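Shown next as structure tokens: one chain only, the form deposited in one PDB entry.
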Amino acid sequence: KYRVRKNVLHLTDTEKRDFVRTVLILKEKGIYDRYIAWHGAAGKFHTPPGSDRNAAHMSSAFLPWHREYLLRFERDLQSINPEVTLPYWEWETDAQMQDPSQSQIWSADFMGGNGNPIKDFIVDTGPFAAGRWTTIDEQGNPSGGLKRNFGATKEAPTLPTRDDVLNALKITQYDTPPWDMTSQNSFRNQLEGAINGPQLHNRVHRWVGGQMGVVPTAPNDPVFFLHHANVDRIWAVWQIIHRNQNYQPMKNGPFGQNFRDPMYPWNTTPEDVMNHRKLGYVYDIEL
């Protein structure tokens, strides 16, 4: 319960500065790119092979995989600066703004702003602007700078709402057979946002555009973690509320999606990460 994960909006200027500084060190040290590689690597690991499901997306392990991912990332942040925890991007409240792109998350002392359409949507402002921050492609090579294009798409013009989130929280079953993009009455599939998609998680990715708009390049934007922190938070809340509903499938799902299978590229199981508090962190709204 010790590590407290705060809403981006409640961060002090000092906190915002400290977080960015720590990320920039993770980048400079070679560590940040391991996260990009791990995420892409899970996308190529299909469960079972030739299925549309993979280790991190399109099936039950979507939630615990990303939880494990953020935890490792946070420990790395911590090892540079023990005062630093992983903030979350409460995007359903940004959604309530007349213009969500005016959110303070996108300020130059934080994430920086939207892309420059004269420079093919290259991010120009903030700590991660072209020149200060280099990106990698799906092959592991430099790809020339962060891009963003907020709301550009027809299918994802807006961020998910507070009501979308509340409706997902009403769902009873964690997941359902056949444990994929077609599952119904599935919290997992709901939060992930395949149900009449893109909705919720998938929608945020789409809305941001740039590298975030394409799954294998998504972690290239540091806001990927802030976004996923919000997803992980929504999930933790679902668990608090539905205390007897456990992870599914317990067994006899595809290998890698069961409660006790390891989650490639790790040996970590969904069981290992089910109780977030046990992992050493808590979300501010729990207090």
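Throughout, we count residues from 1 along the sequence that is shown.
query: Comparing 272 to 280 with 19 to 27, where is the mean C-alpha B-factor higher?
result: If you average the C-alpha B-factors of 272 to 280 and of 19 to 27, the larger mean comes out for 272 to 280.
- prompt: As stated in the PDB record, which stretch has the larger average Cα B-factor, 242 to 250 or 226 to 234?
  reply: Result of the comparison: 242 to 250.
task: Between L77, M111, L71, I195, let me know which has the highest C-alpha B-factor in the entry?
output: That would be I195.
field: Residue with highest C-alpha B-factor in the PDB entry, from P117, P127, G209, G131
entry: Among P117, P127, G209, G131, the PDB entry lists the largest C-alpha B-factor for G131.
- prompt: By its CA B factor, does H46 count among the lowest, middle or highest third of the modelled residues in the chain?
  reply: Middle third of the chain for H46's C-alpha B-factor.
- prompt: Going by what the PDB entry lists, where does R203 fall on CA B-factor within its chain: lowest, middle or highest third?
  reply: Middle third by C-alpha B-factor.
- prompt: If you rank every modelled residue in this chain by C-alpha B factor, which third holds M97: lowest, middle or highest?
  reply: CA B-factor rank for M97: highest third.
- request: Would you check the entry's CA temperature factor for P82 and let me know if it's in the chain's lowest, middle or highest third?
  value: For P82, whose C-alpha B-factor we compare with every modelled residue in the chain, the answer is the highest third.
task: For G145, return the chain-relative third of its C-alpha B-factor as stated in the PDB record: lowest, middle or highest.
output: It belongs to the middle third of the chain when residues are ordered by C-alpha B-factor.
As for the form deposited with a small molecule bound, it is not shown, yet the points below apply to it.
query: Among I105, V123, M212, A168, which has any heavy atom within 4.5 Å of the small molecule in the deposited complex?
result: Selected residue: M212.
field: Partner-contacting position among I234, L226, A218, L26 - heavy atom within 4.5 Å of the small molecule in the deposited complex
entry: Checking each option against the small molecule in the deposited complex, the one that comes within 4.5 Å is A218.
message: Against the small molecule in the deposited complex, would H201 count as a contact residue? Criterion: heavy atoms within 4.5 Å.
response: Although the small molecule is absent here, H201 would touch it in the deposited complex, with heavy atoms inside 4.5 Å.
message: So in the deposited complex, is the small molecule close enough to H39 to count as touching (4.5 Å, heavy atoms)?
response: Output for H39 is yes: heavy atoms within 4.5 Å of the small molecule.
query: Any chance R148 has a heavy atom within 4.5 Å of the small molecule in the deposited complex?
result: The answer is no: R148 has no heavy atom within 4.5 Å of the small molecule.
- prompt: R206 near the small molecule in the deposited complex, any heavy atom under 4.5 Å?
  reply: It does: once the small molecule is placed as it appears in the deposited complex, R206 has a heavy atom within 4.5 Å of it.
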